[PDB]
Amino acid sequence: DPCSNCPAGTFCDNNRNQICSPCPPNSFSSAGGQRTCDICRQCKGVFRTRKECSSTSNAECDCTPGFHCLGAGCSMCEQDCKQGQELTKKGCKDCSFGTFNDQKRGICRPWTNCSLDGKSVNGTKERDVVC
Amino acid sequence: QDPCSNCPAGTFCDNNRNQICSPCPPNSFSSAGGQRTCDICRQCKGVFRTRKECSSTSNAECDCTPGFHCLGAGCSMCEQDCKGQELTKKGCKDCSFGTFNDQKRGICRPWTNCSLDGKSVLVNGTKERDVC
Amino acid sequence: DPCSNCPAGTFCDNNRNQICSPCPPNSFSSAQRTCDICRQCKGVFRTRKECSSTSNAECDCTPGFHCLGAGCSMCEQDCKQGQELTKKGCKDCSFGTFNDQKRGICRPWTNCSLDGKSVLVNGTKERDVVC
Amino acid sequence: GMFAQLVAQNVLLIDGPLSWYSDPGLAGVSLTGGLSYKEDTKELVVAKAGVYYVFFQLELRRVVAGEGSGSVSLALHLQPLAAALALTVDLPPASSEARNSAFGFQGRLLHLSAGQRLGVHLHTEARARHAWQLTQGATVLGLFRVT
Amino acid sequence: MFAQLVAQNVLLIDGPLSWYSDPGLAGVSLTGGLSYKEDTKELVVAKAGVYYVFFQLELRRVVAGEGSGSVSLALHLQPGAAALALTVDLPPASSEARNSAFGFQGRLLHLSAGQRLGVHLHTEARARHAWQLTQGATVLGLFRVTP
Amino acid sequence: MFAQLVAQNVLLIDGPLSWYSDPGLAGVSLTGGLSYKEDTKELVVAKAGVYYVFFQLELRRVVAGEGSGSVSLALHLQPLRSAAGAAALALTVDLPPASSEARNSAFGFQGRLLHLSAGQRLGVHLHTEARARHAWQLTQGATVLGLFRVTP
Ligand SMILES: *[C@@H]1O[C@H](CO)[C@@H](O)[C@H](O)[C@H]1NC(C)=O
């Protein structure tokens with residue numbers, strides 16, 4: 001049609017007769033033929049801007065430090081994982097049975113088995129066994 | 001008095017095609033005359049099985065799949081069969097004080113009174129159990 | 001403006017050509033193209049001031065409750081033994097304080113050591129120390 | 001044009017049909033065209049037939065702090081003859097997070113007959129119905145012709 | 001120039017909703033250059049302009065004492081942002097009966113000539129079998145505003 | 001004769017909402033005698049009459065497992081026809097408290113007929129009962145004020 005002729009970075013302005021006007025401030029279009037430009041994403045609050053908004057593509061956010069992204073496109077932030085937890089795709093889930101984490105932003109190691117080591121014993125989600 | 005009133009059940013007074021008594025389209029009905037449109041037929045899916053199929057006269061009626069039982073008017077929703085509980089109009093309510101139910105899909109019988117029978121209780125009763 | 005000419009107790013009736021019609025029943029205007037609906041004080045509300053065509057009504061609570069928020073927006077039942085009435089409602093007496101009676105204030109526990117004596121029963125949210 | 005908007009008079013949650021302010025000198029209220037309110041039957045009466053976007057709105061307010069829970073329902077019934085339009089609003093149970101109000105909006109297109117009498121009926125699952133009231137000037141029935 | 005369709009679907013199943021389009025059915029109404037494509041499950045707008053487009057979503061608990069989570073409509077325009085979108089919480093069975101859940105949204109959409117609107121259902125299932133779409137209640141509707 | 005604006009705001013901050021008004025933006029549309037004053041943050045209606053005015057408010061949880069309370073829009077008319085403080089249109093949306101089930105969003109729609117005067121300036125005010133207001137934001141492009149004329 002007429003509008004299909006317009007490329008990315010512009011829109012088919014139906015108020016000013018089909019002309020390929022550039023995207024106004026704080027807006028974009030990453031495809032051609034659009035009758036309007038889309039609003040640029042804002043990365044505020046717990047979001048920091050990772051990539052700035054051109055008229056080609058939308059901006060992208062990352063989390064401010066102390067949090068970490070979660071879900072597609074960094075849809076929401078989550079505070080960094082506490083003592084007994086480990087970071088997964090689905091978020092900070094607690095360490096499973098038989099495993100523990102001492103420090104923040106850590107991994108679930110398993111409890112030291114003192115029987116296998118010779119000695120004798122209990123453990124928990126945030127602490128190794130004493131033997 | 002009215003053109004549409006002339007049309008019977010199973011049809012509607014089609015105002016797009018000038019008052020003519022058109023039959024109810026697929027998946028619809030009318031159990032009274034004079035209606036300007038037919039009503040949508042009920043669907044009995046999921047936990048509902050169809051009890052009666054939908055004609056153009058009347059709406060369908062559902063029953064519950066086995067393991068559940070109807071509840072409310074027109075089988076509005078299903079409820080899983082009662083476990084110490086007894087089935088009422090309002091659903092599976094627990095057996096009252098002094099009554100019990102041993103088996104599933106049962107009735108609240110009262111506790112055997114051992115005093116009336118001669119003996120004395122060695123363990124009291126409960127909502128799911130009758131011992132002297 | 002034609003409507004500005006009309007005073008309080010009337011409105012600029014745009015159906016009957018700008019004429020200063022009086023406020024109909026159950027309505028008012030304290031400064032308008034329409035009169036505002038008069039407040040109703042029912043249920044837990046009693047009427048404090050009746051609704052004129054000048055001003056709106058104002059409610060108080062029925063006895064046994066007390067007003068809360070601006071304009072007596074809602075009622076709250078009078079504060080029980082261990083509680084005290086605040087701006088935010090009946091909160092419990094803090095540590096070291098007590099209230100004997102209903103609709104009272106959080107006094108602090110009598111310190112019997114400072115008074116000479118010694119405790120024969122300790123204090124609580126609803127009772128002074130006995131000495 | 002051909003449109004109406006009424007404002008419910010009722011404040012206490014009482015099972016039964018709602019009474020409506022109809023005088024357009026009142027703020028919020030507007031009747032036009034062949035539309036009229038029958039004070040005796042509590043019904044809006046539509047003269048010219050057609051299809052209308054009909055909507056109703058229902059705001060409620062907790063009036064007794066720390067009390068009241070359950071549900072409240074509007075139902076638009078058309079006479080002559082199940083509800084044409086229907087709405088239910090949950091009344092939250094008074095928590096630390098004190099949520100002391102509750103909104104509800106619905107609207108859709110209704111083919112209305114000539115001389116159709118629309119009326120609205122309130123129903124309420126009371127657990128301390130006295131603790132909640134209809135928010136005043138907020139419960140609203142409205143419509144406008146699309147035909 | 002207006003339409004109102006009634007969803008056929010009753011079971012909560014991720015994927016696009018099928019619609020009743022025959023105006024001899026109660027609730028349903030098509031007029032003007034508006035039409036439903038049964039194969040693609042799409043409403044097709046002939047004359048361009050701006051329309052108030054709204055959809056409504058009622059749900060009913062069908063297995064007493066069971067079922068929780070969330071259900072979502074999304075209006076997509078052909079030819080990843082949804083034009084209109086709605087989510088409805090399904091309350092978790094409790095003492096309060098709470099067996100139903102409504103949701104309404106509408107706004108103005110500039111539609112192109114020959115635009116095909118379609119609606120997609122998504123559901124966060126925690127016993128999705130315990131809830132169904134309330135029949136005759138899930139509705140997509142629109143009417144033209146621009147002359 | 002109709003309008004639809006898209007709120008610019010993302011952070012929950014008590015005070016009036018700023019609006020995108022340029023109709024080259026997706027969602028936004030002004031026509032007729034309708035205009036946005038960027039300085040006062042007000043929509044200005046030229047031709048009087050009765051309008052169906054509606055606003056929409058979507059919110060999104062941005063800090064997982066945190067944030068609760070309530071958020072409110074209020075449409076105020078200047079000059080004040082009422083001359084009291086009463087909102088023409090008003091909406092409140094509960095922010096659920098971050099349960100295991102977890103609903104991370106919240107919608108709210110209201111509309112009704114408003115008789116508007118010639119040269120009436122409509123503005124919208126956001127208010128929020130904060131229990132971690134930082135944990136929630138306005139969903140972008142979703143908070144919308146719109147109207148269209150019904151009276152010819
Ligand atoms: C430590 O905890 C586990 C729990 O499964 C238990 O089986 C084990 O016997 C405990 N250790 C001792 C010495 O009892």
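Note that each Cβ is placed from the backbone with ideal geometry, even for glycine, and that neighbours are counted across all protein chains shown. Every number here is computed from the coordinates shown, using simple stated rules; none is lab data.
Being of a type in the set (D, E, K, R), farther than 22 Å from F:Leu95 by Cα and under 16 Å from the mean Cα position of the chain (by Cα), is that true of even one residue in region E:49-60? Yes, the conditions are met somewhere in region E:49-60. Here E:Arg107 fulfils each of the conditions (1) out of contact with any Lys or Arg (no Cβ under 8 Å at 6 or more places or on another chain); (2) within 14 Å of chain B (Cβ to nearest Cβ) apart from (2).
If I filter region A:22-33 down to residues being assigned to a loop (DSSP other than H, G, I, E, B) and surrounded by 20 or more Cβ atoms within 10 Å (Cβ to Cβ), which single residue comes out as farthest from the other protein chains (Cβ to nearest Cβ)? Here the residue is A:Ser29. Evaluation of D:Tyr53 against the conditions (1) in contact with a strand residue (DSSP E or B) (Cβ under 6 Å, 6 or more places away or on another chain); (2) surrounded by fewer than 23 Cβ atoms within 10 Å (Cβ to Cβ) shows that the sole unmet condition is (2). So, of the residues in region E:130-139 that are among the polar types (S, T, N, Q) and in contact with a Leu (Cβ under 8 Å, 6 or more places away or on another chain), which turns out to be surrounded by the most Cβ atoms within 10 Å (Cβ to Cβ)? Filtering first and then ranking leaves E:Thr138. Of all the numbered requirements in (1) assigned to a strand (DSSP E or B); (2) out of contact with any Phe, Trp or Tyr (no Cβ under 6 Å at 6 or more places or on another chain); (3) closer than 29 Å to A:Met76 by Cα; (4) more than 7 Å from every other protein chain (Cβ to nearest Cβ), F:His76 misses one, and that requirement is (3). In the set E:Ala7, E:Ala48, only one residue is touching a strand residue (DSSP E or B) at 6+ places or on another chain (Cβ under 7 Å), more than 22 Å from B:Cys24 (Cβ to Cβ) and buried (at least 16 other Cβ atoms within 10 Å of the Cβ); that residue is E:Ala48.
Cβ-Cβ contacts under 8 Å between residues 6 or more apart (or on different chains), taken from a first residue in region B:36-63 that is on the phi > 0 side of the Ramachandran plot and within 9 Å of chain E (Cβ to nearest Cβ) to a second residue that is surrounded by fewer than 20 Cβ atoms within 10 Å (Cβ to Cβ) and of a type outside the set (A, V, I, L, M, F, W, C), are listed as B:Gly46/E:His129.
Out of the residues in region A:111-123 that are loosely packed, with under 13 Cβ neighbours inside 10 Å and within 14 Å of the ligand (Cβ to nearest atom), which is nearest to the other protein chains (Cβ to nearest Cβ)? So the residue we want is A:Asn122.
Out of the residues in region A:8-21 that are outside any loop (DSSP other than H, G, I, E, B) and within 9 Å of chain F (Cβ to nearest Cβ), which is surrounded by the most Cβ atoms within 10 Å (Cβ to Cβ)? Across region A:8-21, the extreme among qualifying residues is A:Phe11. If you filter region E:79-118 down to residues that are in a strand (DSSP E or B) and in contact with an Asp or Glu (Cβ under 7 Å, 6 or more places away or on another chain), you find that the one that is surrounded by the most Cβ atoms within 10 Å (Cβ to Cβ) is E:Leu117. Tell me whether region A:69-81 contains one or more residues that are within 12 Å of chain F (Cβ to nearest Cβ), under 30 Å from A:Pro25 (Cβ atoms) and either out of contact with any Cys (no Cβ under 9 Å at 6 or more places or on another chain) or within 15 Å of the ligand (Cβ to nearest atom) (or both). Checked against the condition, which is being within 12 Å of chain F (Cβ to nearest Cβ), under 30 Å from A:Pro25 (Cβ atoms) and either out of contact with any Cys (no Cβ under 9 Å at 6 or more places or on another chain) or within 15 Å of the ligand (Cβ to nearest atom) (or both), region A:69-81 yields at least one hit.
Within region F:119-129, being surrounded by fewer than 17 Cβ atoms within 10 Å (Cβ to Cβ) and within 13 Å of chain D (Cβ to nearest Cβ) holds for one residue alone: F:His127. Would a scan of region F:19-41 turn up a residue that is closer than 30 Å to A:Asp80 by Cβ, away from chain C (no Cβ under 14 Å) and within 15 Å of the chain's Cα centre (by Cα)? So far as region F:19-41 goes, no, none of its residues is closer than 30 Å to A:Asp80 by Cβ, away from chain C (no Cβ under 14 Å) and within 15 Å of the chain's Cα centre (by Cα).
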